[PDB]
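Here we start with a single chain on its own, the form deposited in one PDB entry, put down as C-alpha cells.
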C-alpha cells in the first residue's frame, strides 16, 4: 500500500484537500469495499479522556494539541497493519462531546492511503511509513478564521471558548510541535483545497499508481 502523509496546522485545509483528491479520483462513486484510495484521520486516534480531563475540555482548558493527546501507539500499530495489507477497525471521534463512539470503522486494504493530521509527522516511526509527505501551508490568521466558523457550525463550540482555547493551547502547540515538522514534507501545498493545480498534481500521481 502506498501511504501518503498529510499535515499542516489546524484548519489549514488538510481534510478538504484529501476529500477533494478522492473526489476527483472518482472514489466517491465506488462501493465502500471497492475503494482504491481511503482517507484516515489522526483525530480518530485521540485518547479517551479521564473525568478530570473531560471536565477541562468542556471549559476549553484541555490541551488537545499536545502530542500526548493522541494515542501514538495505536496510530503506529494501525498503520503498520495497514502496510501489511490487513483489514483494521479504527475509532470514531466525536468533537461535540470530546469522546469516542462505541462504533468503529472498518478499513479494508486499499492501494493508496491518505493519513492526515496536525501532527502526522511528529513521530519518526510513523513518518518513515509514508512514501510521500505533503504539508498544507496556510497563514495562521486565515486558519483561525476558518476554525472559528467550522468549530461553531460543526463541533458545537462557542466563539469565546474557541478563541480562548486557540490562544491558550492551539497556537503555542502549533509553533512548538507542528510547525517544526514542516521540514519533513516533500511538497508544500499553499492555501488548501482551492489550490487546484496542486491537487490535480497529486491526483494524477495517485492515478498513475492505481494503474
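Positions refer to the first chain, counted from 1. Whichever C-alpha set is largest while still superposing within 1.5 Å between the two forms counts as the rigid core.
The form deposited in another entry is left out here; the points below concern that form.
Novice: Only one of 182, 56, 66, 171 crosses a C-alpha shift of 2 angstroms between this form and the one not shown, counting 2 angstroms or more, core aligned. Which residue?
Specialist: None of the others reach 2 Å, which leaves 56.
Novice: Does residue 84 move its CA by 2 angstroms or more between this form and the one not shown when the core is aligned?
Specialist: Comparing forms between this form and the one not shown, the residue 84 CA shifts below 2 Å.
Novice: Determine whether the C-alpha of residue 95 shifts by 2 Å or more between this form and the one not shown once the rigid core is superposed.
Specialist: It does shift by 2 Å or more.
Novice: Rigid core aligned, does the Cα position of residue 157 differ by 2 Å or more between this form and the one not shown?
Specialist: Where the cores coincide, residue 157 still shows a C-alpha shift between this form and the one not shown that is 2 Å or more.
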